[PDB]
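A single chain, nothing else alongside it, follows as structure tokens in the form deposited without the ligand.
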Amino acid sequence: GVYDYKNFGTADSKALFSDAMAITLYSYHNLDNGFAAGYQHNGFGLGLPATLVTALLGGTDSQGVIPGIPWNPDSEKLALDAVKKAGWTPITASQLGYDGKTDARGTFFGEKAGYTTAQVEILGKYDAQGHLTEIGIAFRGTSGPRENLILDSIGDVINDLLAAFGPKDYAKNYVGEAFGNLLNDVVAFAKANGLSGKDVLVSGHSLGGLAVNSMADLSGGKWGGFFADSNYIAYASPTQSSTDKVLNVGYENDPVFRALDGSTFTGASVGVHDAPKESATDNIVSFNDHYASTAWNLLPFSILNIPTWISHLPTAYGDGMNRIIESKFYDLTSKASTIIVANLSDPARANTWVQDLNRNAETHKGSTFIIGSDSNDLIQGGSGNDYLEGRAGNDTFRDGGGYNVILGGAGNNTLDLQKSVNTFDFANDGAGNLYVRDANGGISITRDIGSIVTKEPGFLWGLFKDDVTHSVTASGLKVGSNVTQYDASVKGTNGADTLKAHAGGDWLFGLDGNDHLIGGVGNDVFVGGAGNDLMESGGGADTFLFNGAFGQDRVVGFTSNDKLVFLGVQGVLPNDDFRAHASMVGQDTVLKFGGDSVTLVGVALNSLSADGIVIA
């Protein structure tokens, strides 16, 4: 998964991420809440006020209205209830033995000149018996003194800030300067409660995220090395530490995210700065009204241009990346996966297709994950391989080709093929998968899509209608009661079956259990399913399709004109080809995808070509 961290598995890494997000949002105390609500209801026509940028960078004399920043009067309680719902309670000064200042929210403040407006939340997570089990440190970074955020233009302010982070280790030393003594008290408190460094989660967003990287960098030498083994997840940070400790999460179109290289100001800092970085998630797109709009994108992309900070806002971090976490596709992803997250206002969502525009970013490689919202989305996949997730709402999908998985989710969902139904083949395994194969051979596996919309240029049956709506049934595609019949198939059971294709060619659906699939002289598509399946070509131009936890399969009689298709399988890195997954065991080629494998019986590895092994 994209948020894998150290050596936690997929699941623990996800629980870790979800906690980092919760304590990070808590540190802002709903700063952007009224703004996010306004954008969601109305769109981004009014753009983004300079006052919001200065608030994000400099903090607030709170809590209440600020010009151009709509204020939710329940900002504070909403935020506190939320962090608690996530399992976290602020720890008091008194619990810490800390002699310094906390305000009425229980927030802690920086300790040295230049750092006194810096903020941090110290939170505890407790088991059902009320024993402390984890400590959360959520940095809320500031630039320093507020009156310095209006002395020049907002663009000068931003530009000067960035140029100041690297010289004299300003960004590196930040947490040591601001919170050096507080963090000593945290060590003592951790130890008295039987916690070590591994039980501490450190997070924060922005200058907060810059603080997370600072603390990582300081963790080896300060506080007796106690936090060296701590968990560091930083959101939308301009900087990256020189350790291997920090998971730097951000949107690729967030102009603050990765603005600096380490903490070094470069020629790209004020432009597009989308070079790959080891600690970073490089290719997560926030598909919001700005990213989507030609008008908003007229000016060159730059942090110095305030509208672009729309993609920096913390509410869309929490909302969008939680949907990644909840995704059915989550365990297919990895750190550099291209993930497009539906982040449009209610107005834009009605008429805008969520798609990878690849705007202001290096060329996206490998498969694309598009994650919808819980409302009605319009989702467009590209001509390569796509994983499209509708979630709730009535969603409409389009896709331009390749191999795809399309998950309608709850609701009444539609796949609009934009082409004649005569250019497609439809198969159905009776277990909720409808397969859609285009005229070039590209297969989509679809679930929970009840309508297919075709475009017929000629009259269908003499009967029907440029756009034509077919209803997906157990027995075929229905218009009223025209049938487009499913391709011929043989279906098994969830036990061990032998299935035999007819000479004409059959989709063979093994399903669960260890199946024996006997193709014939014709063109078969083999779907062994779960279990360890033995699949025999039997002649023809055959396709073998692997999805999910497909087991340990054996393929017999594979030739040049046959094709393997791996779609929604484990262990695939962007632009892996088959060689990355291939080895010889005896006279057999073996392809491994996580703990699943295909053995090509009697096939020499050197005899194979990438064109017959599709890795999506």
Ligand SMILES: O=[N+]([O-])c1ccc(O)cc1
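Start at 1 with the first residue shown and count on from there.
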In the PDB record, does 545 to 553 or 579 to 587 carry the higher mean Cα temperature factor? 579 to 587
Mind pulling up the entry and telling me whether 63 to 71 or 556 to 564 has the higher mean Cα temperature factor? 63 to 71
Highest Cα B-factor in the PDB entry belongs to which of 337, 433, 498, 475? 475
Which has the highest CA B-factor per the PDB entry: 389, 399, 456, 81? 456
Compared with the other modelled residues in the chain, in which third is the CA B-factor of residue 181? lowest
By the recorded C-alpha temperature factor, relative to the other modelled residues in its chain, which third is residue 409 in? middle
Could you say whether, by C-alpha temperature factor, residue 165 belongs to the lowest, middle or highest third of its chain? highest
Report the third (lowest, middle or highest) to which the CA temperature factor of residue 2 belongs, ranking only the modelled residues of the same chain. lowest
Residue 217: C-alpha B-factor third of its chain, per the entry, is the lowest
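What follows is about the form solved in complex with the ligand, which we do not show.
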Heavy atom within 4.5 Å of the ligand in the deposited complex: which of 55, 565, 48, 569 fits that? Just give me the one. 55
Could you work out which of 171, 388, 284, 313 is the residue within 4.5 angstroms of the ligand in the deposited complex, going by heavy atoms? 313
Pick the stretch from 40 to 48, 584 to 592, 27 to 35, 569 to 577 whose residues have a heavy atom within 4.5 Å of the ligand in the deposited complex. 27 to 35
